[PDB]
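Structure file structure.pdb (PDB, C-alpha atoms and all ligand atoms) is printed below.
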```pdb
ATOM      1  CA  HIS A1796     -19.726  -7.083   4.191  1.00  0.00           C
ATOM      2  CA  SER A1797     -18.976  -7.959   0.566  1.00  0.00           C
ATOM      3  CA  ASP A1798     -17.320  -4.527   0.454  1.00  0.00           C
ATOM      4  CA  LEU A1799     -14.733  -5.561   3.029  1.00  0.00           C
ATOM      5  CA  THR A1800     -14.699  -9.114   1.654  1.00  0.00           C
ATOM      6  CA  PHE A1801     -13.135  -7.799  -1.567  1.00  0.00           C
ATOM      7  CA  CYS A1802     -10.622  -5.812   0.504  1.00  0.00           C
ATOM      8  CA  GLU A1803      -9.402  -8.991   2.208  1.00  0.00           C
ATOM      9  CA  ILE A1804      -8.934 -10.607  -1.221  1.00  0.00           C
ATOM     10  CA  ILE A1805      -6.912  -7.713  -2.641  1.00  0.00           C
ATOM     11  CA  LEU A1806      -4.815  -7.125   0.496  1.00  0.00           C
ATOM     12  CA  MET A1807      -3.922 -10.842   0.623  1.00  0.00           C
ATOM     13  CA  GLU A1808      -3.050 -10.595  -3.075  1.00  0.00           C
ATOM     14  CA  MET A1809      -0.884  -7.519  -2.504  1.00  0.00           C
ATOM     15  CA  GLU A1810       0.673  -9.013   0.650  1.00  0.00           C
ATOM     16  CA  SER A1811       1.938 -12.004  -1.386  1.00  0.00           C
ATOM     17  CA  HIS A1812       2.968 -10.158  -4.570  1.00  0.00           C
ATOM     18  CA  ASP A1813       6.623 -10.327  -5.702  1.00  0.00           C
ATOM     19  CA  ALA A1814       6.918  -6.528  -5.850  1.00  0.00           C
ATOM     20  CA  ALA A1815       5.336  -5.967  -2.408  1.00  0.00           C
ATOM     21  CA  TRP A1816       8.663  -6.129  -0.565  1.00  0.00           C
ATOM     22  CA  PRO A1817       9.007  -2.325   0.060  1.00  0.00           C
ATOM     23  CA  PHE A1818       5.510  -2.109   1.533  1.00  0.00           C
ATOM     24  CA  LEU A1819       5.009  -5.030   3.933  1.00  0.00           C
ATOM     25  CA  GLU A1820       6.191  -3.038   7.001  1.00  0.00           C
ATOM     26  CA  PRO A1821       6.428   0.646   8.009  1.00  0.00           C
ATOM     27  CA  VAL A1822       9.468   2.489   6.721  1.00  0.00           C
ATOM     28  CA  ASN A1823      11.998   2.908   9.519  1.00  0.00           C
ATOM     29  CA  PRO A1824      12.845   6.631   9.707  1.00  0.00           C
ATOM     30  CA  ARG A1825      16.101   5.813  11.503  1.00  0.00           C
ATOM     31  CA  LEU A1826      17.186   3.826   8.450  1.00  0.00           C
ATOM     32  CA  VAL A1827      15.805   6.161   5.758  1.00  0.00           C
ATOM     33  CA  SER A1828      17.302   9.637   5.918  1.00  0.00           C
ATOM     34  CA  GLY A1829      14.834  12.427   5.260  1.00  0.00           C
ATOM     35  CA  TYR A1830      11.761  10.178   5.372  1.00  0.00           C
ATOM     36  CA  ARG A1831       9.887  11.776   8.276  1.00  0.00           C
ATOM     37  CA  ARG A1832      10.595  15.252   6.874  1.00  0.00           C
ATOM     38  CA  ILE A1833       9.197  14.416   3.408  1.00  0.00           C
ATOM     39  CA  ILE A1834       6.432  11.838   4.055  1.00  0.00           C
ATOM     40  CA  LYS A1835       3.774  13.337   6.311  1.00  0.00           C
ATOM     41  CA  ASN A1836       1.344  10.357   6.495  1.00  0.00           C
ATOM     42  CA  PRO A1837       3.236   7.046   6.260  1.00  0.00           C
ATOM     43  CA  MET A1838       1.288   3.929   5.293  1.00  0.00           C
ATOM     44  CA  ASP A1839       2.036   0.268   4.576  1.00  0.00           C
ATOM     45  CA  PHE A1840       0.370  -3.106   4.104  1.00  0.00           C
ATOM     46  CA  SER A1841       0.802  -4.404   7.645  1.00  0.00           C
ATOM     47  CA  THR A1842      -0.822  -1.232   8.993  1.00  0.00           C
ATOM     48  CA  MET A1843      -3.709  -1.807   6.591  1.00  0.00           C
ATOM     49  CA  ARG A1844      -3.762  -5.438   7.759  1.00  0.00           C
ATOM     50  CA  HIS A1845      -3.945  -4.401  11.445  1.00  0.00           C
ATOM     51  CA  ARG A1846      -6.740  -1.912  10.710  1.00  0.00           C
ATOM     52  CA  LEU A1847      -8.716  -4.448   8.666  1.00  0.00           C
ATOM     53  CA  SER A1848      -8.212  -7.010  11.475  1.00  0.00           C
ATOM     54  CA  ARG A1849      -9.631  -4.818  14.231  1.00  0.00           C
ATOM     55  CA  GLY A1850     -12.487  -3.772  11.950  1.00  0.00           C
ATOM     56  CA  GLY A1851     -11.458  -0.113  11.606  1.00  0.00           C
ATOM     57  CA  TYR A1852     -12.565   0.143   7.958  1.00  0.00           C
ATOM     58  CA  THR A1853     -16.168   1.349   7.708  1.00  0.00           C
ATOM     59  CA  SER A1854     -16.389   1.420   3.891  1.00  0.00           C
ATOM     60  CA  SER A1855     -14.355   0.035   1.031  1.00  0.00           C
ATOM     61  CA  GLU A1856     -13.471   3.598  -0.017  1.00  0.00           C
ATOM     62  CA  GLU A1857     -11.456   4.065   3.183  1.00  0.00           C
ATOM     63  CA  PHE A1858      -9.440   0.943   2.406  1.00  0.00           C
ATOM     64  CA  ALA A1859      -8.591   2.124  -1.110  1.00  0.00           C
ATOM     65  CA  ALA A1860      -7.590   5.526   0.254  1.00  0.00           C
ATOM     66  CA  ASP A1861      -4.951   3.884   2.444  1.00  0.00           C
ATOM     67  CA  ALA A1862      -3.746   1.742  -0.475  1.00  0.00           C
ATOM     68  CA  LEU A1863      -3.298   4.749  -2.749  1.00  0.00           C
ATOM     69  CA  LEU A1864      -1.476   6.539   0.082  1.00  0.00           C
ATOM     70  CA  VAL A1865       1.180   3.790  -0.041  1.00  0.00           C
ATOM     71  CA  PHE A1866       1.968   4.429  -3.718  1.00  0.00           C
ATOM     72  CA  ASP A1867       1.613   8.206  -3.431  1.00  0.00           C
ATOM     73  CA  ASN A1868       4.188   8.155  -0.608  1.00  0.00           C
ATOM     74  CA  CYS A1869       6.297   5.787  -2.721  1.00  0.00           C
ATOM     75  CA  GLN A1870       6.322   8.122  -5.742  1.00  0.00           C
ATOM     76  CA  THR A1871       6.887  11.157  -3.504  1.00  0.00           C
ATOM     77  CA  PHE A1872      10.042   9.691  -1.982  1.00  0.00           C
ATOM     78  CA  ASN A1873      11.578   7.365  -4.622  1.00  0.00           C
ATOM     79  CA  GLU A1874      12.583   8.053  -8.198  1.00  0.00           C
ATOM     80  CA  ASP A1875      10.438   6.223 -10.739  1.00  0.00           C
ATOM     81  CA  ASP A1876      13.549   4.285 -11.847  1.00  0.00           C
ATOM     82  CA  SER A1877      14.765   3.404  -8.345  1.00  0.00           C
ATOM     83  CA  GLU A1878      14.188  -0.196  -7.308  1.00  0.00           C
ATOM     84  CA  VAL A1879      11.524   0.784  -4.760  1.00  0.00           C
ATOM     85  CA  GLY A1880       9.888   3.115  -7.275  1.00  0.00           C
ATOM     86  CA  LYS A1881       9.881   0.359  -9.903  1.00  0.00           C
ATOM     87  CA  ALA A1882       8.206  -1.949  -7.379  1.00  0.00           C
ATOM     88  CA  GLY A1883       5.688   0.722  -6.435  1.00  0.00           C
ATOM     89  CA  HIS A1884       4.507   1.214 -10.011  1.00  0.00           C
ATOM     90  CA  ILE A1885       4.052  -2.534 -10.419  1.00  0.00           C
ATOM     91  CA  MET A1886       2.171  -2.574  -7.126  1.00  0.00           C
ATOM     92  CA  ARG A1887       0.152   0.569  -7.884  1.00  0.00           C
ATOM     93  CA  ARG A1888      -0.962  -0.780 -11.266  1.00  0.00           C
ATOM     94  CA  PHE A1889      -1.847  -4.137  -9.691  1.00  0.00           C
ATOM     95  CA  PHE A1890      -4.049  -2.465  -7.080  1.00  0.00           C
ATOM     96  CA  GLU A1891      -5.987  -0.315  -9.514  1.00  0.00           C
ATOM     97  CA  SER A1892      -6.515  -3.128 -11.994  1.00  0.00           C
ATOM     98  CA  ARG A1893      -7.783  -5.477  -9.254  1.00  0.00           C
ATOM     99  CA  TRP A1894      -9.889  -2.735  -7.702  1.00  0.00           C
ATOM    100  CA  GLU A1895     -11.665  -2.038 -10.990  1.00  0.00           C
ATOM    101  CA  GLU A1896     -12.276  -5.770 -11.469  1.00  0.00           C
ATOM    102  CA  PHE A1897     -14.767  -5.492  -8.579  1.00  0.00           C
ATOM    103  CA  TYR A1898     -16.050  -1.901  -8.807  1.00  0.00           C
TER
HETATM  104  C1  LIG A1901      10.190  -2.184   6.168  1.00  0.00           C
HETATM  105  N1  LIG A1901      10.530  -2.192   5.004  1.00  0.00           N
HETATM  106  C2  LIG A1901      10.631  -0.827   4.577  1.00  0.00           C
HETATM  107  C3  LIG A1901      11.561  -0.558   3.354  1.00  0.00           C
HETATM  108  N2  LIG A1901      10.811   0.127   2.259  1.00  0.00           N
HETATM  109  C4  LIG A1901      11.336   1.390   1.795  1.00  0.00           C
HETATM  110  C5  LIG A1901      12.782   1.687   1.990  1.00  0.00           C
HETATM  111  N3  LIG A1901      13.307   2.979   1.528  1.00  0.00           N
HETATM  112  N4  LIG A1901      12.428   3.946   0.895  1.00  0.00           N
HETATM  113  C6  LIG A1901      13.026   5.172   0.477  1.00  0.00           C
HETATM  114  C7  LIG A1901      10.990   3.692   0.703  1.00  0.00           C
HETATM  115  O1  LIG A1901      10.268   4.485   0.191  1.00  0.00           O
HETATM  116  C8  LIG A1901      10.453   2.373   1.160  1.00  0.00           C
HETATM  117 BR1  LIG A1901       8.582   1.949   0.928  1.00  0.00          BR
HETATM  118  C9  LIG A1901      12.120  -1.771   2.798  1.00  0.00           C
HETATM  119  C10 LIG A1901      12.770  -2.495   3.824  1.00  0.00           C
HETATM  120  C11 LIG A1901      13.558  -3.664   3.101  1.00  0.00           C
HETATM  121  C12 LIG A1901      12.908  -4.842   2.769  1.00  0.00           C
HETATM  122  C13 LIG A1901      13.607  -5.855   2.124  1.00  0.00           C
HETATM  123  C14 LIG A1901      14.944  -5.686   1.799  1.00  0.00           C
HETATM  124  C15 LIG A1901      15.590  -4.501   2.118  1.00  0.00           C
HETATM  125  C16 LIG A1901      14.894  -3.492   2.766  1.00  0.00           C
HETATM  126  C17 LIG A1901      11.730  -3.015   4.866  1.00  0.00           C
END
```

Write-out of the structure in structure tokens:
Amino acid sequence: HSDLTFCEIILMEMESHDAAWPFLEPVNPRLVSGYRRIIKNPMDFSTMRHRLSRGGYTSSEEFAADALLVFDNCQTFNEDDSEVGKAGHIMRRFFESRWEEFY
């Protein structure tokens, strides 16, 4: 229970972060050419929110695996110096630093 209690804290903190704007909602493949071809397993914060809401996280490791998938997919598709990429690095570093502050 305290496992998923820390996940609520960090997801709420990521949900409200300045640099979270590329990750609050699923990428729209109709708007992003080549996205479905390149990104096999899309992931985003609202999908993690939904899954946390309906209780579909058994351990805290599953939650972190979805979070890292967001920034993996981000680095796979965007240049590090693009504006999404820049936001993803800020968000990736935030997540790891907060995650280690508990574990
Ligand atoms: C849903 N969400 C997905 C988009 N995130 C993106 C867009 N393009 N690429 C290549 C990505 O990797 C991501 Br994540 C950002 C979009 C938006 C948000 C704010 C302002 C402009 C666009 C709204």

What are the nearest atom pairs, with distances in Å to one decimal, for all residues of chain A that come at most 9 Å from ligand LIG 1901 (chain A), using all atoms listed in the file, set out by chain and rising residue number as a Markdown table?
```
| residue | atom | partner | partner_atom | distance |
| --- | --- | --- | --- | --- |
| A:1816 | CA | A:LIG1901 | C12 | 5.5 |
| A:1817 | CA | A:LIG1901 | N2 | 3.8 |
| A:1818 | CA | A:LIG1901 | BR1 | 5.1 |
| A:1819 | CA | A:LIG1901 | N1 | 6.3 |
| A:1820 | CA | A:LIG1901 | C1 | 4.2 |
| A:1821 | CA | A:LIG1901 | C1 | 5.1 |
| A:1822 | CA | A:LIG1901 | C2 | 4.1 |
| A:1823 | CA | A:LIG1901 | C2 | 6.3 |
| A:1824 | CA | A:LIG1901 | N3 | 9.0 |
| A:1826 | CA | A:LIG1901 | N3 | 8.0 |
| A:1827 | CA | A:LIG1901 | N3 | 5.9 |
| A:1828 | CA | A:LIG1901 | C6 | 8.2 |
| A:1829 | CA | A:LIG1901 | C6 | 8.9 |
| A:1830 | CA | A:LIG1901 | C6 | 7.1 |
| A:1838 | CA | A:LIG1901 | BR1 | 8.7 |
| A:1839 | CA | A:LIG1901 | BR1 | 7.7 |
| A:1865 | CA | A:LIG1901 | BR1 | 7.7 |
| A:1866 | CA | A:LIG1901 | BR1 | 8.5 |
| A:1868 | CA | A:LIG1901 | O1 | 7.1 |
| A:1869 | CA | A:LIG1901 | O1 | 5.1 |
| A:1870 | CA | A:LIG1901 | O1 | 8.0 |
| A:1871 | CA | A:LIG1901 | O1 | 8.3 |
| A:1872 | CA | A:LIG1901 | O1 | 5.6 |
| A:1873 | CA | A:LIG1901 | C6 | 5.7 |
| A:1879 | CA | A:LIG1901 | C7 | 6.2 |
| A:1880 | CA | A:LIG1901 | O1 | 7.6 |
| A:1883 | CA | A:LIG1901 | BR1 | 8.0 |
```

Listed atoms of stretch 1846-1856 of chain A boxed axis-aligned with 3 Å per side, centre + edges as lines of an AutoDock Vina configuration file:
```
center_x = -11.6
center_y = -1.7
center_z = 7.1
size_x = 15.6
size_y = 16.6
size_z = 20.2
```

What does the structure give for the distance between atom CA of residue A:1799 and atom CA of residue A:1856, in Å to one decimal?
9.7 Å

Answer as an MDAnalysis selection string, residues within 12 Å of (-9.8, -9.9, 9.7) using all atoms listed in the file
chainID A and resid 1796 1799:1804 1806:1807 1843:1852

Please indicate the distance in Å from atom CA of residue A:1891 to atom CA of residue A:1854, rounded to one decimal place.
17.1 Å

Between atom CA of residue A:1860 and atom CA of residue A:1884, what is the spacing in Å?
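Separation between atom CA of residue A:1884 and atom CA of residue A:1860: 16.4 Å.
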
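The closest residue to residue A:1890, picked from A:1833, A:1813, A:1862, A:1797 and counting all atoms listed in the file, is A:1862.
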
How would you write as a CSV table (one decimal) with C-alpha atoms, in the coordinates of the input the residues that get within 6 Å of (2.6, -8.4, 2.5) in the file's frame, counting all atoms listed in the file?
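Result went into out-v6.csv, see below:
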```csv
chain,number,residue,atom,x,y,z
A,1810,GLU,CA,0.7,-9.0,0.6
A,1811,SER,CA,1.9,-12.0,-1.4
A,1819,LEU,CA,5.0,-5.0,3.9
A,1840,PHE,CA,0.4,-3.1,4.1
```

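Considering all atoms listed in the file, the residue among A:1814, A:1834, A:1863, A:1809 positioned nearest to residue A:1885 is A:1814.
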
Of A:1812, A:1855, A:1861, A:1877, the one sitting nearest residue A:1897 when using only C-alpha atoms is A:1855

Identify which of the residues A:1837, A:1896, A:1815, A:1857 lies closest to residue A:1881, counting only C-alpha atoms when measuring atom-to-atom distances.
A:1815
